[PDB]
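Protein chains in written order, with UniProt numbering: chain Y, 2 to 115; chain C, 1 to 122; chain B, 2 to 55; chain W, 2 to 120; chain H, 2 to 208. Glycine included, each C-beta is placed from N, C-alpha and C at the ideal position. Working notes for the structure below.
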Amino acid sequence: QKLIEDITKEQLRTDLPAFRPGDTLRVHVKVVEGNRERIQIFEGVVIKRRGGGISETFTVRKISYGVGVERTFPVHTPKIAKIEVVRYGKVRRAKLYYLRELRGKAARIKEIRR
Amino acid sequence: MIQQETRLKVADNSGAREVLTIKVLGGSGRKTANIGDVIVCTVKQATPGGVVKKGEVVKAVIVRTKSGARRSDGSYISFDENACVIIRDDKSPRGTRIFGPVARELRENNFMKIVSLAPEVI
Amino acid sequence: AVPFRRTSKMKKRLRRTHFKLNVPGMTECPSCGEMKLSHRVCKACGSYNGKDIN
Amino acid sequence: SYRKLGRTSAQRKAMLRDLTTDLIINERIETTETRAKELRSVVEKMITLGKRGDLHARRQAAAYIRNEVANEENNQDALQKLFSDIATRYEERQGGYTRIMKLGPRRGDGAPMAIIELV
Amino acid sequence: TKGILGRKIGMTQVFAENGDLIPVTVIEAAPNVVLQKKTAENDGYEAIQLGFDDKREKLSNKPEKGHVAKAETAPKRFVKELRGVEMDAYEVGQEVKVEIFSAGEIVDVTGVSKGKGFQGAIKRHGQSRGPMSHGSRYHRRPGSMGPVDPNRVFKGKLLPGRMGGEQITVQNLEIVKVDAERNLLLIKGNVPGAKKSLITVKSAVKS
RNA sequence: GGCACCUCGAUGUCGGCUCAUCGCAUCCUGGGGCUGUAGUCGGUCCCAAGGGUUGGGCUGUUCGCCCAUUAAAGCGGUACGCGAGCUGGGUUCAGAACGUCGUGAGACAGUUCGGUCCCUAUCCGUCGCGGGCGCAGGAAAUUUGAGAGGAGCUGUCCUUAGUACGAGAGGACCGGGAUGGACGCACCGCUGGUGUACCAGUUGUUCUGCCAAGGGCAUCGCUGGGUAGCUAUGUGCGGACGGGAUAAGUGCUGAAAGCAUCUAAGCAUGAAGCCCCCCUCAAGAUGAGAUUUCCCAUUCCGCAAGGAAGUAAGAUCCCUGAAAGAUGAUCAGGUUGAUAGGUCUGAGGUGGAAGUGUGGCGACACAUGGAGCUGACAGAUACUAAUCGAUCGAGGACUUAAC
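Spelled out as structure tokens, the structure:
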């Protein structure tokens with residue numbers, strides 16, 4: 002896909018920090034409520050890390066007011082401003098789907114600091 | 001993504017506990033329902049203290065869905081639990097408060113007053 | 002699925018018209034032959050362009 | 002895609018592993034033309050594993066090649082010959098190790114046959 | 002009406018200006034050459050026989066070599082007319098390279114569909130499956146032909162069969178970006194056909 | 001219902017699941033005339049089959065009732081459409097009961113429980129794909145489109161407007177603007193689904209002499225993810241913008257009947273109808289078309305008619321295969337070569353391999369190291385296999401006219 006790679010390069014976002022699939026990074030996202038853009042911080046654990054250049058995405062997730070939220074973020078979207086990895090975490094796998102059902106302290110066991 | 005005969009737990013202080021769906025108001029027509037859709041519904045269960053009582057037939061607007069909602073930005077949202085707020089005729093919610101996160105998809109619709117009661121919007 | 006009637010000899014032979022197998026292609030061997038169909042080792046000398054492998 | 006041969010998928014692994022071992026001792030084998038085409042893809046990869054000489058690579062050969070005796074008196078394992086004989090013989094060459102000449106159809110069921118041998 | 006037909010290679014996502022995600026199809030498009038120019042007073046109709054993807058002489062037939070000789074061009078593969086070009090448009094033999102298409106133009110797309118192979122009616126026509134339980138042997142099968150009175154199957158009655166490989170129009174697709182240096186087209190929305198298949202890029206009807 | 005002309009050496013009943021199509025006395029949408037039509041919303045009679053025609057509860061049911069909807073949830077024909085497609089729930093076999101009738105044996109458009117629905121497609125039919133010959137010489141191509149099919153439905157909101165109207169209450173016609181439903185056509189790059197020669201973890205037993213590290217089997221042993229391909233519940237698009245003659249209507253000039261009068265003369269207006277615009281198959285449209293570019297005008301017989309043997313353009317047999325595919329066919333190719341496999345470099349997937357060292361009593365953990373493993377996805381590389389060859393294939397019929 003060398004030609005396909007040539008197109009994606011123009012929209013490539015090298016500014017984004019490198020990170021492991023298992024961590025509590027905090028994506029910033031402007032929201033056009035109209036007219037001013039609010040900045041909603043959203044901490045959570047990433048799970049999926051699908052490949053495919055610009056099409057790459059990751060699934061940050063967070064419990065909120067007793068209920069979880071699954072807000073996927075594409076890796077190279079313009080809407081992201083900055084990403085801060087508050088904590089690193091050891092992971093025996095790559096697809097941590099199971100943790101969402103394991104409320105609540107059990108989820109923290111996979112969230113061990115590194 | 002919600003089919004007919006799909007129980008949906010209450011998200012507001014209507015006094016109801018769980019609320020089964022009846023039929024989507026959209027078209028002849030659509031069976032599926034994302035967020036912001038209005039659906040007539042039955043109250044299968046309710047808390048003893050509240051205006052709502054079991055077996056009542058009242059419309060309710062969807063607030064949360066297990067299915068991943070789509071946006072033009074490409075961002076997706078899928079809550080751990082499905083939810084709806086009870087509403088009759090005028091779209092002001094019967095619930096004094098709305099528990100949990102609320103989808104922003106309601107905001108594009110003139111449903112904005114409901115959004116104001118939300119503790120947080122995602 | 003029981004047929005209503007016996008087939009005529011005409012229709013039968015007409016069905017027989019396409020049933021016949023086609024003749025395989027053949028070529029003379031560079032070494033001796035004869036002959037050898039294309040892209041397969043001869044059962045005779047066993048030569049293959051033109052190496053002798055058995 | 003990969004050919005099925007109609008065999009059960011569990012059988013398919015053993016069916017390939019058996020042919021890879023029999024080629025080691027016999028150096029050459031005649032089988033059906035279609036199975037022969039499938040055969041070259043598996044065996045040549047095994048030869049690549051023997052190139053590095055790595056101890057980890059030898060264990061990978063055990064996953065496929067079975068523990069059958071090769072040459073008499075020498076008592077070499079079927080795995081061992083690849084690391085001692087075939088590897089040195091193809092240190093220069095890179096791929097194309099297994100030519101497969103076609104052969105006439107078998108009388109017993111019309112099945113086409115093909116010779117398989119290293120080169 | 003212009004149409005630089007060319008093979009697609011791979012699907013891509015492309016965002017610009019607005020933050021919304023826009024699906025995009027790559028197209029090889031350029032270069033193309035006018036092998037011939039039809040005339041209504043002689044050939045009976047207005048058309049231009051554009052070619053695509055030049056190839057070595059070894060694959061070219063002798064009569065094909067003569068057809069391009071008038072075009073002052075090397076022998077080339079597929080050829081298609083595009084009624085109705087605005088004559089005189091271009092001089093004979095002139096090259097074309099994506100210059101016509103702007104990002105704002107709406108563009109119809111036509112091409113051979115990807116082969117699904119021989120298939121059942123449910124895929125071929127979307128017919129509902131029969132019950133899988135309650136002792137019913139019936140499922141997947143197309144069902145009754147219809148009325149007994151005609152004593153014949155109605156023509157055009159749906160039956161399972163091979164699908165795909167037929168040319169299929171997809172109207173009103175929109176271009177996203179233009180890359181003339183790489184001869185790339187970037188049309189929004191799905192474009193029908195197998196990977197690396199030829200694809201026409203005719204101008205959309207307006208308005 | 002009546003009659004007993006089809007069938008009692010077999011026409012398998014009812015209601016559904018399946019797919020339909022047809023006819024209008026048109027449920028809705030579009031066109032209107034009259035209203036006890038203020039507006040809004042209706043009533044009625046005329047145009048109109050183009051399209052759309054509901055999800056459940058009760059009952060074997062049709063029907064009907066009820067609930068929630070919808071622009072509307074119209075009827076009927078097609079062996080009360082379809083069982084060599086399916087369902088046996090209802091009646092319509094043999095068992096058993098209740099109630100009633102009969103001395104009994106049994107019976108009951110009275111009811112209840114259980115109860116083998118057989119069949120390899122010959123022909124005509126239809127959905128797809130080839131092999132032949134023809135198309136007055138052989139070919140490679142590109143297409144004209146006689147004809148044929150598909151598509152054909154609509155909801156809301158934002159404006160003009162809170163204006164026209166109405167005491168108020170209510171609330172438009174028309175012209176524009178955005179967003180959905182139902183359905184249809186396509187593609188995976190997102191969302192995912194699957195993914196049996198991909199990766200990892202793990203159980204029992206057995207096999208590699210024992211360790212470490214693996215193999216076989218147990219549904220792929222099980223479990224967690226997933227390339228490609230295949231896919232919708234995902235995405236993108238579709239019914240748009242307009243003409244031609246009209247239907248019911250609305251008419252304009254004017255006569256037969258000096259006035260009058262849509263018509264008898266003559267000119268208009270006028271609909272999701274019809275014809276095209278839109279998309280698709282199509283010159284076996286034996287009416288066999290048209291245009292572009294190639295091969296040449298042979299060699300042998302027979303005075304003639306006509307027939308053979310080679311060849312040119314080109315194609316095939318065979319072979320590497322897939323963007324194709326049941327088999328043919330189609331397309332990419334056949335050694336001045338990337339067609340497939342392999343080999344290298346990547347992408348993606350699964351993710352800290354083996355070995356070694358260190359910490360710990362052990363079990364394990366850490367380091368070496370985003371390592372290792374990689375089935376179909378890419379980029380190059382003749383390293384292998386697409387050998388060597390063979391076969392098919394035209395010498396342009398006779399007339400008339402213009403030259």
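Query: So, at 6 Å on beta carbons, what are the nonlocal neighbours of H/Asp55 in its own chain, with the 5 sequence-adjacent residues on each side left out?; Result: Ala75 and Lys77
Query: What number of angstroms, rounded off, separates the C-alpha of C/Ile86 from the C-alpha of Y/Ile42?; Result: 30 Å
Query: Helix, strand or coil for C/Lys23, going by three-state DSSP, please let me know.; Result: strand
Query: Taking 8 Å as the limit between beta carbons, can you name the residues of its chain near H/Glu65, skipping five residues before and five after?; Result: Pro76
Query: Would you mind telling me which residues of chain H sit closer than 7 Å to Y/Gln2, beta carbon to beta carbon, in chain order?; Result: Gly11
Query: Would you kindly work out how many angstroms separate the C-alpha atoms of C/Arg94 and C/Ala60, rounded to a whole number?; Result: 10 Å
Query: Which of helix, strand or coil does DSSP assign to H/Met133?; Result: coil
Query: Taking buried to mean at least 16 other C-beta atoms within 10 Å of its own C-beta, is H/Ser103 buried or exposed?; Result: exposed
Query: With a floor of 4 residues, list each alpha helix (DSSP H) that falls wholly inside the stretch 8-48 of chain W, ordered by position along the chain.; Result: 10-27
Query: Less than 8 Å between the C-beta atoms of W/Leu104 and W/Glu31, yes or no?; Result: yes
Query: In angstroms with no decimal places, state the Cα-to-Cα distance between H/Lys207 and Y/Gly54.; Result: 36 Å
Query: What's the call for C/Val43, buried or exposed, on a 16-neighbour Cβ count within 10 Å?; Result: buried
Query: Assuming H/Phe79 and H/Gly52 make a contact with CB atoms under 8 Å, what is their CB distance in whole Å?; Result: 7 Å
Query: Between which two residues does the beta strand (DSSP E) holding Y/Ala108 run?; Result: It is not in any beta strand (DSSP E) - Y/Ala108 instead sits in the alpha helix (DSSP H) that spans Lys106 to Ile110.
Query: Which of the residues in the stretch 69-84 of chain C, read from start to end, lie with their CB under 7 Å from any CB of chain H?; Result: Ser72, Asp73 and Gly74
Query: With a Cβ-Cβ cutoff of 8 Å, do H/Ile123 and H/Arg141 count as a contact?; Result: yes
Query: When the Cα atoms are used, what is the spatial distance from C/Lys113 to Y/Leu103?; Result: 35 Å
Query: By how many angstroms is the C-alpha of H/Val149 removed from the C-alpha of H/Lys158?; Result: 14 Å
Query: With a floor of 3 residues, list each beta strand (DSSP E) that falls wholly inside the stretch 30-69 of chain H, ordered by position along the chain.; Result: 33-38 and 49-52
Query: Could you check if W/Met102 is buried or exposed, using at least 16 other CB atoms within 10 Å of its CB as the buried criterion?; Result: buried
Query: What residues match up with Y/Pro75 in a beta bridge as DSSP calls it?; Result: Y/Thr58
Query: Using a C-beta to C-beta distance shorter than 9 Å, which residues of chain W count as neighbours of B/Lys21?; Result: What B/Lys21 touches in chain W: nothing, since even the nearest Cβ is about 16 Å away.
Query: Would you mind telling me which residues of chain Y sit closer than 8 Å to C/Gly50, beta carbon to beta carbon, in chain order?; Result: The contacting residues do not exist; C/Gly50 stays about 19 Å from chain Y at best.
Query: Counting C-beta neighbours from all protein chains within 10 Å, is the total for B/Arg17 16 or more, i.e. buried, or is it exposed?; Result: exposed
Query: Can you tell me whether DSSP reads C/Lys54 as helix, strand or coil?; Result: coil
Query: Thinking C-beta only, is Y/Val76 closer than 8 Å to Y/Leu17?; Result: yes
Query: Given that Y/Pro18 touches chain H, what residues does it touch there, using C-beta distances under 9 Å?; Result: Simply none; closest approach about 21 Å.
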